[PDB]
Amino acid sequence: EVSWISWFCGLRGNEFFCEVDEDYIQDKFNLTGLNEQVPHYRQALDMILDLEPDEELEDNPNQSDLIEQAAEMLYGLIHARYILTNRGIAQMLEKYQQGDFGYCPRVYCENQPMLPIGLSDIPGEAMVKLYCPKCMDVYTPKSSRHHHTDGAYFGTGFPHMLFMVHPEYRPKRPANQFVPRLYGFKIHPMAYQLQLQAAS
């Protein structure tokens, strides 16, 4: 009774995902090159736009559900391409101002809101992560829920891109840094410390 997009972008771990208005999906000029990736490209993409099934047909390959996979799988590669878009950014960035994405673990980043990202644009070769515009390094997602989202679906360059477009939105460097202290003062180069992997 309500859109597929708003449904999938409302499940666990899909908090990072932004609803990709079809203005961009219908414009098949974008879906380009995808067909030679996801299986059952069509049947799937229909399911995604909310068209009509193909219902009395057989089910040896259990197609009736194997497509469900393609639907979600595919909607990923699109969502990635999308968030790139000068507009898809506004959507993402909308979720950032309220970090539906999460904050930076480092304590000196002072609860810095981060944006999703992918270590690799290949499915299964990595999952989503979390670039921090402050520390400028990545961290694995907090809660165990956002743990099965493929990084590929968010684009290795999305974050970096976002600031190319919105340089003003690039945070300031940490006010202060973590200062290690024992009984009263700093610990000079522990270079030696390391040196003991020979006798360990």
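All residue numbers refer to positions in the sequence shown, first residue = 1.
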Taking the other compared entries of this protein, do a third or more of them lack coordinates for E55?
yes
Quick check on the record: does 124-132 or 84-92 carry the larger mean Cα temperature factor?
84-92
Determine, for stretches 156-164 and 64-72, which one has the higher mean CA B-factor as deposited.
64-72
Could you tell me which one of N30, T140, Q37, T149 shows the highest CA temperature factor in the PDB record?
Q37
Could you place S200 in the lowest, middle or highest third of its chain by Cα temperature factor, using the values in the record?
highest
Considering every modelled residue of the chain and its Cα B-factor in the PDB entry, is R42 in the lowest, middle or highest third?
highest
Would you please rank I78 by its C-alpha temperature factor against the other modelled residues of its chain and give the third it falls in: lowest, middle or highest?
highest
Taking the entry's C-alpha B-factors for this chain, is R173 in the lowest, middle or highest third?
highest
In terms of the chain's CA B-factor thirds, is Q98 lowest, middle or highest?
lowest
